[PDB]
Structure formats: C-alpha cells, structure tokens
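Listed next as structure tokens is one chain, alone, in the form deposited in one PDB entry.
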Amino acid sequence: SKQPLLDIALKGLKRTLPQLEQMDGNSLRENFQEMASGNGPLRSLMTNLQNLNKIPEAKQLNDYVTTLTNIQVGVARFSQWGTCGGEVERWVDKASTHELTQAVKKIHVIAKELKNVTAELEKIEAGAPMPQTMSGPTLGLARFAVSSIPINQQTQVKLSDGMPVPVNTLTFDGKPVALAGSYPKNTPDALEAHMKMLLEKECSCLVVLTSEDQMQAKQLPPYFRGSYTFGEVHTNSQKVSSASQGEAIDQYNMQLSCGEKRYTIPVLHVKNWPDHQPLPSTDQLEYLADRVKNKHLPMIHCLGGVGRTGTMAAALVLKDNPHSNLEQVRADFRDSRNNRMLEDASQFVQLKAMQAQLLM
C-alpha cells in the first residue's frame, strides 16, 4: 500500500500544482469554496501531501512538507486553505483586494517550490532509494540553486511567521557560533526577509566580506550603506569609520524598524579579502576577530556563504579556545550548513598559522 499511495501523490501534484500557479484573486474570492471542497485543487492537494505522513521511511521529505504547509498565508497556516467553512473562508469573504493579492502571491511561490517534491517522487519511480537528505526550502529567495549551495533543513533559520530564509546556524563542540548565509538576492522580498532576521534574532552584528570590485562585476546590492525600505522594513545606516583609502574595514551604524519595533546593529564591511584567497596577514585575521567579538550571535556572509564565511567563524572559535581542533571545527560546520564550508585550502592554512601564533 505504500507504493500505491506514493503513485497517488505523484499523479496528483503533477496536475494540481500547475493549477494553483494560475490562480488570480478575483476568480478565487468567487470560487474559493469550490477549490476547498470535493475534488477541487486546494483540498485535493492537501490530501495528497498527507500520504507521506503514513510512510515512516519518508521522514526527511515529510519534515520538509510540514515546514511548507505551516507557513502563514492569510492569518492562518497554508494547510488551513484546504478546507471550507472555517477561518480562511471567513477571512477571504471580507479580505480587501490588497490583502487578497498578497496572499495569492504566497500560494504561487509555495506551489512552485512544491515541485521539488514531485522531483523526489519521480526518482523513486525509477531507482527507489528513499533519500535521507533534503535541503530546506528557498521559495524564490536564494541567490544560488540548492544543487550548487545546499541548506541543512534542521539548522535553517525561520522567521516568526514560519518563513524559512537562506541562512543556517553554525555550531561547534555543542555550541552555536554564528548565522551563515549567501549574499542576499536583489529582490524586495529577498531583502526584506534578511533585515527582518537581523532584528528578530537580535544579532550582535553584521559582517560583509565581498570587495567593491566583486560587488561590481556581479552587481551586488549595497544595502548596508544608504537608506531604503523593503516591504515594511526601512534601514538607516551611517558610516562611522575613517577617511578614504586603505579601506581595511568600514564600520557603520544601522537602525532597523518593522512596525513599532526598532533595533540597532553595527556593520563591519571587510574590503581587502579576495575571493578564494586568505587575508594579507595572519595579524589581520586575528584583529578582525577581536573586532567582531567587541540569539545575540554575529551574522556573516561573503558571496556563496561557504568559503571566507567559514574561515571568519572558525577564527572566532580560536580566540576563546586556541587549542581547538580545526579538523573538528570544519567537520561540525559542514554538518551545520553543507559540505562546502571552508572548501578553500589556502584559508585553512592561515587559520592554523593563527592558532600557532596565538599559543605563542
């Protein structure tokens, strides 16, 4: 029976999903009850996903689904949009066009993301090894595809409304060290989620490792400079540090606000750390660590969120326990985000040099 309900789910998503992708607010307000009852796409889709809750072997895939169906869409979890006569129906009836439209967009992106489940089911239709790993969701917000930059779903960061962002909490020898992620995607929604995380997590600070040159050739948004407003969040950051040339480090002061809430956070922008390379001197890495040092963890990112970012975090560990096994650190970090953490050899060399100097 596990194999047949697996096939009920595959054929069901293949045709239900493209339907949710074509939803429009007006056509929906007028037909929600039908879609959420009998053989309609919304109810039928939620039922098919329940199939995986009956198969203990699909544990990984089930945790993934559960996360998606618990995301808030109106004033309820997405899963409550599969039924009639309850909270969603009451809400939809009196929702304003503006409210209805934002809800419709969430359904579009969640529908699309749910095609990754279709893909796993098709693999099982051929060589059927029940996967024991599933990257967490990206909902159109990640800069890189998960096939190139995977995301550990157990340690992925989640906003208070259920929304997962492309960032992981790194840990070593049993304790968390910092929040690591890739350079934010140039999108209102991608940028809003980012800022939102900084204050909800109350990060001690924000560290940025990409040079001006790279932010150029790749066109990476300088959101930590002026002032902007994404969704319902606005940012005010002013440069506090020195003159012009020799931009070892530029320090800023950031004030964030989401509704009636505010939060202040210092920003450190490193400017002479080339991609795929170490810093100019061991002393510099050692000093940067003390600076950063001076819930409540630092948030760090380069471009991919795996190389330079890994190195920076490991240096924080060394400061407090200089005898720390760097081989163990790399292993624990990889188990916290993905297997590319600290993939550049030359940077691992600089770290061991910082260790040695420090014990001196």
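What we label the rigid core is the largest C-alpha set whose atoms superpose within 1.5 Å from one form to the other. In this text, residue numbers run from 1 along the sequence as written.
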item	value
Deposited-sequence gap flanked by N31 and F32	none
Of 163-171 and 244-252, the one with larger mean CA B-factor	244-252
Residue range whose averaged C-alpha B-factor is higher in the record, 142-150 or 199-207	199-207
Candidate residues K106, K112, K239, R77, the one whose C-alpha B factor the record puts highest	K239
Out of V88, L279, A289, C258, highest CA B-factor residue	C258
Chain thirds of CA B-factor: placement of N53	middle
Cα B factor band for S182 (lowest, middle or highest third within the chain)	lowest
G82 - which third its CA temperature factor falls in, relative to the rest of the chain	lowest
For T229, the third of its chain into which the C-alpha B factor falls	highest
Where the record places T235 (Cα B-factor, split into thirds across the chain)	highest
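There is another form of the same protein, the form deposited in another entry; it is not shown, and what comes next is about it.
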property	result
C-alpha displacement of 2 Å or more between this form and the one not shown on the rigid core, among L100, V146, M163, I249	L100
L17: Cα shift of 2 Å or greater between this form and the one not shown (core-aligned)	yes
C-alpha of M46 moved at least 2 Å between this form and the one not shown on rigid core	yes
Threshold 2 Å Cα movement between this form and the one not shown at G231, rigid core reference	no
